[PDB]
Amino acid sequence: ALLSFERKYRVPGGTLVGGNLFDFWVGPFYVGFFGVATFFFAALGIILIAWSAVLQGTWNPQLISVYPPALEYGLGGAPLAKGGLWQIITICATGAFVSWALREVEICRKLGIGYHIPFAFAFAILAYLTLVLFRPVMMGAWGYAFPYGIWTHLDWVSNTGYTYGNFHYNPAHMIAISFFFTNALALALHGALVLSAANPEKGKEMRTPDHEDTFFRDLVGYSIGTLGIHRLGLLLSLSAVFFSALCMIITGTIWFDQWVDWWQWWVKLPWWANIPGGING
């Protein structure tokens, strides 16, 4: 039940709500007030998904799907079986997410470390609430949100995108993808650097941050440094998710035509709109 060095930290304190009432663990798990909140919302949510499954008639998880109220309902409620379940499941999801974040804050306070983790998580929560709450509200219908099923939500990704031609031309989407890819590069390098120092050539002694800096300067003329790379992964990560949210918040609301056509502004600038030759004259 405990890691060899763990007891000294399992002290009272740090709770945000409830004082010492739920200040306890279950095996490895800390139970906030917010542990209880997440269990409550996740349990409900799961039950209503199992329910929604029988009303649709499968117990197979590759097929189970929960659609939002069809466009016809706008922002109102809708009967359980025609997307009310989705509405309650969504509210449950949000409850479970924010709860999990808030539980994290309490774990942070007990450990006396910074709030960076829940703060990062908060960007993912915010991406979710863009697909399910902010976009559908700026659009006028829960129907625009995505449904809850392994394969069916991909269907939504493809339908939503192709509504704008090749979604590649969404410029905020370009930027986000750029962050996702860079993030992965950074991750591969960070892991390979640290590990290449802790596990050097063989019988050789552990290398040092000095070596890690050296290797990167030797390689590209620059090394960001051990604090830097951690600041970086964070920033690349979160920026990817920011631009994801941003690229979808603007689609269907401030831009709704073919993303390819947005680029006409640059090509049709006065100073060059008319010169002949090239691809656009």
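So that there is no doubt, residue numbering starts at 1 and follows the sequence shown.
Taking the mean C-alpha B-factor of each stretch as recorded, 107-115 and 136-144 are not equal, and the higher mean is that of 136-144. Look at the mean CA B-factor for 72-80 and for 122-130 in the entry; the higher one is 72-80. In the deposited coordinates, the residue among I64, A245, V31, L234 with the greatest CA B-factor is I64. In the deposited coordinates, the residue among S52, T226, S239, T214 with the greatest CA B-factor is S52. Among the modelled residues of its chain, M206 has a C-alpha B-factor that falls in the middle third, as given in the PDB entry. Per the deposited record, the Cα B-factor of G14 falls in the middle third when ranked against the other modelled residues of its chain.
In this PDB entry, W86 carries a Cα temperature factor that places it within the highest third of its chain's modelled residues. When the CA B factors of the chain's modelled residues are split into thirds, the value for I275 lands in the highest one.
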